[PDB]
Amino acid sequence: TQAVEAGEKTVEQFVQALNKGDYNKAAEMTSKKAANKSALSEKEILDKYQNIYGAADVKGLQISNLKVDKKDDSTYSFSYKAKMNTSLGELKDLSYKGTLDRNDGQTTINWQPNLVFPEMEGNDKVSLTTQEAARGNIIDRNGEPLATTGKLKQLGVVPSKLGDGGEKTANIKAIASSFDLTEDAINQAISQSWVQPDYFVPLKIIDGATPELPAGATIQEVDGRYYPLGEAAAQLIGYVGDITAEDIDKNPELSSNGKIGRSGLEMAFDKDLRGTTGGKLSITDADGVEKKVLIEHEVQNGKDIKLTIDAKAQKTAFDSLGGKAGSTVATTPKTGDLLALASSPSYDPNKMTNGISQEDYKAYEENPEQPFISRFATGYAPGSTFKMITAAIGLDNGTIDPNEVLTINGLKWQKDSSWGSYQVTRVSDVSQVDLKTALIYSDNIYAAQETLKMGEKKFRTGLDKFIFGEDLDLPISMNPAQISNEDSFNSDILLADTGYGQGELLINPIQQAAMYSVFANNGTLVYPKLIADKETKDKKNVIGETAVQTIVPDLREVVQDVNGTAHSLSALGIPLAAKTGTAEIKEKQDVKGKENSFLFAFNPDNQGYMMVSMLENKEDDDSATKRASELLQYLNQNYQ
Ligand SMILES: *C(=O)[C@@H](NC(=O)Cc1ccccc1)[C@@H]1N[C@@H](C(=O)O)C(C)(C)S1
Numbered sequence: 039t040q041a042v043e044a045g046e047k048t049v050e051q052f053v054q055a056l057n058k059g060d061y062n063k064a065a066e067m068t069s070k071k072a073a074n075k076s077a078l079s080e081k082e083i084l085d086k087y088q089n090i091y092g093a094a095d096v097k098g099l100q101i102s103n104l105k106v107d108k109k110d111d112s113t114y115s116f117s118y119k120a121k122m123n124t125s126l127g128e129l130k131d132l133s134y135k136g137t138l139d140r141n142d143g144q145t146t147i148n149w150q151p152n153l154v155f156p157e158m159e160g161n162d163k164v165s166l167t168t169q170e171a172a173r174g175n176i177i178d179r180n181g182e183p184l185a186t187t188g189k190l191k192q193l194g195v196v197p198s199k200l201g202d203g204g205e206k207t208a209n210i211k212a213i214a215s216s217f218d219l220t221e222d223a224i225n226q227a228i229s230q231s232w233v234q235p236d237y238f239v240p241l242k243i244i245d246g247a248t249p250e251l252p253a254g255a256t257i258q259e260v261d262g263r264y265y266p267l268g269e270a271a272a273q274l275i276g277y278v279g280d281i282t283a284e285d286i287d288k289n290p291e292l293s294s295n296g297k298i299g300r301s302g303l304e305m306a307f308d309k310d311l312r313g314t315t316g317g318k319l320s321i322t323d324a325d326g327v328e329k330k331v332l333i334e335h336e337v338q339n340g341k342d343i344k345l346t347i348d349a350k351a352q353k354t355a356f357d358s359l360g361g362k363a364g365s366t367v368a369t370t371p372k373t374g375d376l377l378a379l380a381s382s383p384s385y386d387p388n389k390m391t392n393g394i395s396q397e398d399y400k401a402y403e404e405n406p407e408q409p410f411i412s413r414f415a416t417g418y419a420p421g422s423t424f425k426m427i428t429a430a431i432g433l434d435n436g437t438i439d440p441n442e443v444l445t446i447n448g449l450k451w452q453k454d455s456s457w458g459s460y461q462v463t464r465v466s467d468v469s470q471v472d473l474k475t476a477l478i479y480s481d482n483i484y485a486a487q488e489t490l491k492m493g494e495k496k497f498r499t500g501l502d503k504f505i506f507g508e509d510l511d512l513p514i515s516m517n518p519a520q521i522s523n524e525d526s527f528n529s530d531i532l533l534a535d536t537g538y539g540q541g542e543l544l545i546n547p548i549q550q551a552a553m554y555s556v557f558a559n560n561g562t563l564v565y566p567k568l569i570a571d572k573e574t575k576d577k578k579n580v581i582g583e584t585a586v587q588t589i590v591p592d593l594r595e596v597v598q599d600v601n602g603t604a605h606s607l608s609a610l611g612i613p614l615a616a617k618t619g620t621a622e623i624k625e626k627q628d629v630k631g632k633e634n635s636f637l638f639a640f641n642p643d644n645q646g647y648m649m650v651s652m653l654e655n656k657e658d659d660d661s662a663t664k665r666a667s668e669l670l671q672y673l674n675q676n677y678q
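See the structure below:
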């Protein structure tokens, strides 16, 4: 038994070397090639495993139920059960047998072809046939296609029919004029290092209509991933890329020919969309004589994913941003159905997944506005929109009397002389300001005063009833919203700033649409959902219904009153409750300030839709309220 324990370590270290992918170090643990010892040499075992295990993409070899006994003077027979992962799934309940040899203190392994697979007897071969799985589709709440594998048309060229010499550059310029392509790229694609005379070199995928083809131009019907809305849902949906050899080493269930989600929902639901690879793994005789089948199952196509998105809303919400930095979130606030999640500027996902040039991909990341960013998942200072939450908290704890009128003189104010030169600033110089007036003119001094009066203890007590710090159950990578950096402001100044949506607040537009949903459900927070079938989760009693029926009628006046900060929306003539905001951020790239324009709006009659729009680093006299006219008309018409 003093050497039997050393033998159980030899079997354990041998499986480790196989599982670690180092087939050579495993072969160095086998005996010499003989009839009673190992059946092959060390270099032959290396090529045997590397050729077989590599063909099935074998990874993760784990053993159990080891039993090492004795047999002869120097021979100890060993046995174990094993499981491993292949291109076609898990191979479980494998029975392995063999013998060891301790000719001295060292114990080696009498290697045998039955250690590659349980029943491989001698010069048996292994075959693998796989049927590739079709990637599932992503669809909106009405069945419209957002991400599908469609039939595309590809414009390529064959350099043999282009022309002799002068007629070749003429056809290269004639093809560049009939397809809006750089004429220097037509000669740069046919002169790549992989081109041969009679080869088909693709140029770019034709969108829709096929113009006249010049001398040596042809179209090849190819199938691939296709995104109908394109840039409008690029950040939400995402794109898929070619699966690499390094990808299969991580998860061998992938198809080495298929596509894999790289960002967005295509990556979040990569498992449910790629399906499962189908095929058969079998051991054979000397020829293709199929002996024993190890693994076999039919191919399974990918499940389709139905979103709460409305394609019409997503496209309108994106187009309303005009290519400027911003985002828009539209929900049915009673259920949380995310109707649209737009981000701008954006990238073309079809040119990204079919064939992007080495320079066009550099322009997307060198772009300072960062089109790759999902701005509906980025934390911001919510701005003056946050006064709704501050007021609703101040009404529940009774700190704010809706009819009490603070007397404010001027445009700057500070609590004590201990604030130095800092002062809360408001835009309108109204002498007598109550709750209704402060929400109309968007008065920061009013909000700052009532926050300081409320006290930090009573303030956070109302804030904690929301979703600050929580992780929403959404397939979108985001950070949880925060009140401040630490669990205490420890500054009268910072407490005031948090009252009107500045300070250390970080809330992304999706979380904002969640927190603001209380004003459409009588103080009940409705969690947003992107998957159509997920049950509606909610959070009761976030703010009192007293504050809802007080602020919601006031929010109508933000639109209806002639001095309201959203009066440009009165032209719609629809029932609207809104609240605008313009927060300022401290940009280190330039001393000039950068300011973001916000807009919250919903229907206070039927609560059928809720909207949160923003413009990051806005241009002069630009605002989210300016661009919301179109989306509000659609959401009011189609979601009562
Ligand atoms: C909230 O954003 C309020 N004002 C401020 O925070 C100060 C400020 C910052 C930049 C520009 C102007 C004022 C009020 N809300 C906005 C809005 O509703 O868009 C106003 C500009 C009306 S001031």
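Be aware that the sequence shown starts at 39, since it is given in the authors' numbering, and climbs by one per residue. Even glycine gets a Cβ: it sits at the ideal position worked out from N, Cα and C.
Spatially closest choice to residue i from the options, by CA coordinates
i	options	result
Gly374	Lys297, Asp511, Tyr399, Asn141	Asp511
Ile224	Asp245, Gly619, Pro252, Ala247	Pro252
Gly500	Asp60, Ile427, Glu583, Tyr479	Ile427
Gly302	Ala270, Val327, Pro240	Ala270
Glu595	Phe217, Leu614, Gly507	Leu614
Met652	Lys350, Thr146, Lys617	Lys617
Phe527	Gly646, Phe497, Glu508	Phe497
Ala351	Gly317, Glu43, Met649	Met649
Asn180	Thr187, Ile569, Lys632	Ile569
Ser412	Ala662, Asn209, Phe356, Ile176	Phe356
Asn676	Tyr647, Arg665, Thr663	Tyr647
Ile286	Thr574, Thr315, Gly268, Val260	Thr315
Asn546	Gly364, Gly188, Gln40, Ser456	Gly364
residue 24	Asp530, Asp535, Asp502	With the chain covering 39 to 678 only, the question about residue 24 has no answer from this structure.
Residue i Cβ short of 7 Å to ligand 1 heavy atom set
i	result
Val597	no
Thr603	yes
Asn482	yes
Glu622	yes
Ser381	no
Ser651	no
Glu654	no
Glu542	no
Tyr538	yes
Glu633	yes
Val468	no
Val465	yes
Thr428	no
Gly619	yes
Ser422	yes
Span separating the alpha-carbon of residue i from that of residue j
i	j	result
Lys329	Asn152	14 Å
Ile243	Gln192	4 Å
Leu200	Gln230	16 Å
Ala255	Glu397	24 Å
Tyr265	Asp509	29 Å
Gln550	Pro420	8 Å
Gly279	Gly582	49 Å
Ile347	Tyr277	17 Å
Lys47	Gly143	13 Å
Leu345	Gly611	31 Å
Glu221	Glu668	40 Å
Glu284	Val96	14 Å
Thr475	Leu637	18 Å
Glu542	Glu524	9 Å
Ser480	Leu267	37 Å
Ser320	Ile147	26 Å
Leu473	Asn441	7 Å
Where the alpha helix (DSSP H) containing residue i begins and where it ends
i	result
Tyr399	398-404
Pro547	547-553
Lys108	Per DSSP, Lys108 belongs to no alpha helix (DSSP H) and is neither H nor E.
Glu508	From DSSP, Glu508 is part of no alpha helix (DSSP H); its letter is neither H nor E.
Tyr87	80-93
Anticipated Cβ contact below 8 Å, residue i with residue j, distance rounded
i	j	result
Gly92	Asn123	With 8 Å as the limit, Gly92 and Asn123 do not qualify as a contact, their Cβ atoms being about 14 Å apart.
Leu563	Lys572	Actually they are not in contact, since the Cβ atoms of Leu563 and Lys572 sit about 16 Å apart, beyond 8 Å.
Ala378	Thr370	Contact flag wrong, Cβ pair sits at about 11 Å.
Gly317	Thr168	3 Å
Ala349	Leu132	That pair is no contact at about 49 Å.
Delimiting residues of the beta strand (DSSP E) encompassing residue i
i	result
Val239	239-244
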